[PDB]
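Engineer: sequence first, structure after, both from an experimental entry:
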Amino acid sequence: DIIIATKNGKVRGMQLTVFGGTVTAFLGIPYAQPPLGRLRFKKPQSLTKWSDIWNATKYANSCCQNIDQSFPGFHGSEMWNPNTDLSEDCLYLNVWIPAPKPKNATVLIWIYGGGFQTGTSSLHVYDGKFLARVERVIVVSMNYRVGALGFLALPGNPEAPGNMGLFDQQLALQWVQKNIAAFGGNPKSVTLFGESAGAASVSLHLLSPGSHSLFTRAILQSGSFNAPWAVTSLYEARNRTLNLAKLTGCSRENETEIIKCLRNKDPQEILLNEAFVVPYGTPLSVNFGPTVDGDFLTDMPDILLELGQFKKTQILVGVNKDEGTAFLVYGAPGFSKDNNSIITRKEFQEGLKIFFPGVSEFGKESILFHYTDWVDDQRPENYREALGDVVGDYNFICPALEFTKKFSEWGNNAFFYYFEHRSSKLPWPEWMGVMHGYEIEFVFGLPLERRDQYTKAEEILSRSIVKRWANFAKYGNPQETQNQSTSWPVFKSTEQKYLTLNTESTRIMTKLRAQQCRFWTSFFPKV
Ligand SMILES: COC[C@@H]1CCCN(CCNC(=O)c2cc3nn(CC4CCCCC4)cc3cc2Oc2ccc(F)cc2F)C1
Ligand SMILES: *[C@@H]1O[C@H](CO[C@@H]2O[C@@H](C)[C@@H](O)[C@@H](O)[C@@H]2O)[C@@H](O[C@@H]2O[C@H](CO)[C@@H](O)[C@H](O)[C@H]2NC(C)=O)[C@H](O)[C@H]1NC(C)=O
Ligand SMILES: *[C@@H]1O[C@H](CO[C@@H]2O[C@@H](C)[C@@H](O)[C@@H](O)[C@@H]2O)[C@@H](O[C@@H]2O[C@H](CO)[C@@H](O)[C@H](O)[C@H]2NC(C)=O)[C@H](O)[C@H]1NC(C)=O
Ligand SMILES: *[C@@H]1O[C@H](CO[C@@H]2O[C@@H](C)[C@@H](O)[C@@H](O)[C@@H]2O)[C@@H](O)[C@H](O)[C@H]1NC(C)=O
Ligand SMILES: *[C@@H]1O[C@H](CO)[C@@H](O)[C@H](O)[C@H]1NC(C)=O
Ligand SMILES: *[C@@H]1O[C@H](CO)[C@@H](O)[C@H](O)[C@H]1NC(C)=O
Ligand SMILES: *[C@@H]1O[C@H](CO)[C@@H](O)[C@H](O)[C@H]1NC(C)=O
Ligand SMILES: [Cl-]
Ligand SMILES: [Cl-]
Ligand SMILES: [Cl-]
């Protein structure tokens with residue numbers, strides 16, 4: 001029987017067998033007053049202590065969210081949907097600790113992604129028990145509010161100030177600061193990592209003064225706040241908050257009375273109207289996301305990045321070979337997961353309108369011009385592969401590259417990876433390649449489970465990635481020192497070296513997507 005005394009009460013865990021050893025899991029520890037009633041849309045409030053023994057023995061509720069229902073019965077999409085009840089009462093976190101209890105273990109904190117509209121810490125690809133068993137780090141993950149319940153903004157107004165979900169994450173980092181030592185963790189050796197919206201979150205914690213003292217190092221997988229989907233303007237945030245109020249019959253004159261009105265609606269009416277607060281948005285539109293609130297975020301984050309106003313520490317940043325392909329079947333004409341999605345020039349051009357809705361005619365012609373000068377105009381998948389690269393380069397790879405370049409110019413060590421292994425178990429079609437999100441399971445060491453039908457080469461790749469990530473957390477340096485591995489060089493803005501992750505041979509390359517990112521980073525923002 002394992003019971004830890006925390007600052008707010010006792011908590012009881014459970015033991016798990018992992019690889020012939022033991023991990024102690026504390027699932028579903030609350031870290032905040034449940035944000036219900038007059039607390040909906042406000043910053044997370046601190047936790048009133050309890051005297052009982054909280055049984056932290058099952059994952060808690062996931063936060064309210066709309067569910068991906070685009071492929072019913074399909075594991076490739078449904079494995080990302082929540083696996084616990086949805087509830088506004090969802091401010092809980094999980095803790096995996098090695099057994100026997102470590103003495104002063106490095107802590108890894110996971111922040112899931114999901115477009116800031118979905119996600120939950122209880123997905124099985126986020127299960128922290130392998131990392132605690134194999135690397136003897138402590139793994140923590142938390143649920144944070146998403147969608148309008150997490151990011152509805154009336155900037156200035158504390159009834160709905162924006163960024164509530166980011167403050168949920170922040171209050172969880174504070175909880176680790178105040179409690180993780182009781183579990184054998186080192187509060188001074190805390191690494192944040194996350195993917196997609198989670199990675200963009202991590203990068204915003206690097207800018208936020210209130211998080212400066214809450215973590216040591218940061219890892220950003222396929223995401224950074226300067227991606228074009230990661231930050232909402234104050235103009236959009238207001239236009240979207242008012243649109244939501246109109247659609248719910250809540251639009252008033254006194255802003256505080258709109259919030260009071262929105263507080264009496266049931267989550268489902270809020271959820272069902274979220275989709276339409278944007279007149280013309282991309283697929284999976286980030287309706288409600290981070291804003292410049294003057295609290296978590298003091299200025300436009302591009303300005304903070306450009307002028308060195310962020311935490312000085314090491315970062316590990318990376319992307320996947322085919323970031324864009326997964327999004328093409330959520331609205332691009334001519335695409336399907338169930339055929340090879342060979343599209344025409346006209347279909348390509350229609351796709352640009354789908355994924356660049358507000359953009360001028362000239363703007364979309366400039367995208368076409370730069371991605372359609374063919375090595376071979378007779379190849380039939382030309383337009384299918386160009387559209388994926390367009391979405392991937394614009395939304396993930398080039399912003400991540402630009403974030404790393406700008407961040408390292410202020411002197412800190414940065415390491416950049418390029419993940420290019422397609423999972424042998426991947427259920428999506430082969431034309432999607434090395435998909436967004438399908439490195440996570442390698443990071444969490446799922447292929448270390450020989451029962452799970454991964455190949456041997458994938459077990460070795462996962463083991464190497466898990467060592468590099470852990471060595472980055474512990475020591476600030478993502479090396480595998482014992483197995484004659486390729487040394488991972490620091491990323492510098494002059495040379496721009498990066499490391500490729502694959503099953504065969506790990507390589508040092510330079511200047512990923514150089515031609516494409518000069519287009520997206522220097523030209524396209526003008527249009
Ligand atoms: C991506 O779709 C299939 C994947 C397989 C692997 C990871 N995904 C699971 C993890 N969620 C994501 O990665 C996620 C990434 C996103 N980026 N944005 C901005 C912008 C949108 C236009 C193009 C470029 C980026 C919006 C996103 C929504 C996402 O979450 C989903 C939410 C509701 C849903 F109905 C389906 C979702 F995905 C499921
Ligand atoms: C700010 O929002 C208005 C509100 O229009 C919304 O449109 C519906 C789809 C739904 O979300 C409702 O709650 C809102 O009324 C936008 O006005 C629309 O603009 C488009 C083109 O920009 C036009 O075709 C529509 O006819 C407009 N609809 C109405 C009802 O006025 C407005 O454009 C938004 N502002 C910006 C800069 O995008
Ligand atoms: C690939 O499939 C898309 C999607 O079509 C659906 O999925 C298929 C697997 C099959 O079950 C179809 O009957 C379904 O309609 C095809 O695109 C559609 O093409 C039709 C007719 O040509 C057109 O009217 C629709 O609007 C298209 N739908 C979309 C979403 O684009 C596509 O043609 C198929 N391509 C190849 C090369 O096989
Ligand atoms: C635990 O260790 C502390 C120092 O941790 C180390 O220094 C920090 C700044 C990080 O770089 C981190 O990665 C290092 O591991 C001690 O100050 C502390 O007292 C120790 N506590 C114990 C052993 O109970
Ligand atoms: C926690 O679990 C133990 C049994 O393992 C039980 O005695 C106790 O009542 C539980 N606490 C609850 C249900 O709150
Ligand atoms: C709006 O209503 C709130 C809540 O009663 C009140 O405190 C505030 O002063 C009002 N402001 C205006 C401008 O009507
Ligand atoms: C190093 O190599 C051995 C086999 O030589 C392998 O079993 C082990 O897991 C490897 N370790 C890492 C950290 O990659
Ligand atoms: Cl609900
Ligand atoms: Cl052509
Ligand atoms: Cl260059």
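Structural biologist: Cool, the structure landed. Numbers count the residues shown, from 1 in each chain. Ligands and ions are numbered 1, 2, ... in the order given.
Engineer: ok, residues contacting the helix or strand harbouring residue 26?
Structural biologist: Using DSSP states H and E, residue 26 maps to strand 21-30. For strand 21-30, contacts defined as Cβ atoms under 8 Å, 6 or more residues apart in numbering pick out 2, 4, 6, 11, 13-16, 47, 54, 56-60, 91-99, 101, 122, 129, 132-133, 183. For every residue, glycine as well, the C-beta is placed using N, CA and C.
Engineer: contacts with ligand 10 among the residues you listed, please.
Structural biologist: Near ligand 10, taking Cβ under 5 Å from the ion as the test, no member of the contacts of strand 21-30 is found.
Engineer: residue 1: neighbouring residues, count only.
Structural biologist: By other Cβ atoms under 10 Å, the residues close to residue 1 number 7.
Engineer: assess the claim that it and residue 12 are in contact.
Structural biologist: Yes: the criterion here is Cβ atoms under 8 Å, and residue 1 meets it with residue 12 at 7.2 Å.
Engineer: what sits in contact with each of the two?
Structural biologist: Common neighbours of residue 1 and residue 12 (Cβ under 8 Å, 6+ apart) do not exist.
Engineer: which helix in this protein has the most residues?
Structural biologist: helix 456-475 (DSSP state H).
Engineer: gap between that helix and the chain center?
Structural biologist: Centre-to-centre, helix 456-475 and its host chain are 20 Å apart (Cα atoms, centre = their mean, to the nearest Å).
Engineer: list the buried residues of it.
Structural biologist: 458-459, 461-474 (16 or more other Cβ atoms under 10 Å).
Engineer: and the angle from the very next helix or strand once past that helix to helix 456-475?
Structural biologist: Counting by DSSP H and E, the next helix or strand C-terminal to helix 456-475 is strand 497-501. Following axes from the mean of the first three to the mean of the last three Cα atoms, to 10 degrees, one obtains 140 degrees for the angle between strand 497-501 and helix 456-475.
Engineer: center of this structure - which residue?
Structural biologist: Centroid check for the chain by Cα atoms, centre = their mean gives residue 198 as the closest residue, at 2.2 Å.
Engineer: that one against residue 121, yeah?
Structural biologist: No: counting by Cβ under 8 Å, residue 198 does not reach residue 121; the two are 9.9 Å apart.
Engineer: so what sits against both of these two?
Structural biologist: 110, 112.
Engineer: residue 194 reaches residue 206, doesn't it?
Structural biologist: No: look at residue 194 against residue 206 with Cβ under 8 Å: they stay out of range, at 11.7 Å.
Engineer: what does this structure put close to ligand 7?
Structural biologist: Within the chain, the positions lying close to ligand 7 (Cβ under 6 Å from any ligand atom) are 463-464, 467, 480, 483.
Engineer: if we go to 8 Å?
Structural biologist: Contact residues, the chain versus ligand 7 (Cβ under 8 Å from any ligand atom): 460, 463-464, 466-467, 480, 482-483, 485.
Engineer: so which of these reach ligand 8?
Structural biologist: Okay, of the residues of the chain next to ligand 7, nothing touches ligand 8 (Cβ under 5 Å from the ion).
Engineer: dump those into CSV; add distance to residue 32 as well.
Structural biologist: Below are these laid out as CSV (distance: Cβ to Cβ, whole Å):
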residue, distance to residue 32
460, 41
463, 36
464, 37
466, 31
467, 34
480, 38
482, 42
483, 43
485, 41
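Engineer: of these, which fall within the contact range of ligand 6?
Structural biologist: Among these, proximity to ligand 6 is found for none (Cβ under 8 Å from any ligand atom).
Engineer: now distance to ligand 1 too, for those, in TSV please.
Structural biologist: Output for the residues of the chain next to ligand 7, formatted as TSV (distance: Cβ to the nearest ligand atom, whole Å):
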residue	distance to ligand 1
460	24
463	23
464	23
466	21
467	25
480	27
482	33
483	30
485	28
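Engineer: from the residues you listed, which is closest to ligand 6?
Structural biologist: The closest of the residues of the chain next to ligand 7 to ligand 6 turns out to be residue 466 (Cβ to the nearest ligand atom; 52.6 Å).
Engineer: now the closest one: how far from ligand 2?
Structural biologist: 45 Å (Cβ to the nearest ligand atom, to the nearest Å).
Engineer: where do the strands of the stretch 251-400 of the chain begin and end?
Structural biologist: 315-320 (DSSP state E, counting those that start in this stretch).
Engineer: get me the contact residues on it for ligand 6.
Structural biologist: Counting by Cβ under 8 Å from any ligand atom, the stretch 251-400 of the chain sits next to ligand 6 at 253-257, 260.
Engineer: list buried residues within those.
Structural biologist: residue 255.
Engineer: tabulate the residues of the stretch 251-400 of the chain next to ligand 6 (a markdown table), appending distance to residue 86.
Structural biologist: Shown next, in a markdown table, are these (distance: Cβ to Cβ, whole Å):
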| residue | distance to residue 86 |
| --- | --- |
| 253 | 33 |
| 254 | 31 |
| 255 | 28 |
| 256 | 28 |
| 257 | 28 |
| 260 | 24 |
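Engineer: want to try CSV for the residues of the stretch 251-400 of the chain next to ligand 6, with distance to ligand 1 as columns?
Structural biologist: Listed next are those as CSV, based on distance: Cβ to the nearest ligand atom, whole Å:
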residue, distance to ligand 1
253, 33
254, 33
255, 28
256, 31
257, 32
260, 29
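Engineer: in the residues of the stretch 251-400 of the chain next to ligand 6, find the pair that's most separated.
Structural biologist: 253 and 260 (12.4 Å; Cβ to Cβ).
Engineer: measure the residue lying farthest from the centre of the chain to ligand 7 for me?
Structural biologist: Relative to the centre of the chain, and counting by Cα atoms, centre = their mean, the farthest-placed residue is residue 378 at 38.0 Å. With distances taken as Cβ to the nearest ligand atom, residue 378 is found 44 Å from ligand 7.
Engineer: repeat for residue 100
Structural biologist: The value you get for residue 100 to ligand 7, if Cβ to the nearest ligand atom is used, is 22 Å.
Engineer: next one: phi and psi at that residue?
Structural biologist: phi -60, psi 150 (degrees, to the nearest 10).
Engineer: what's the local residue count around it?
Structural biologist: Neighbours of residue 100 using other Cβ under 10 Å come to 11.
Engineer: same question, the one 10 residues further on
Structural biologist: In terms of burial, residue 110 registers 24 neighbours under the definition other Cβ under 10 Å.
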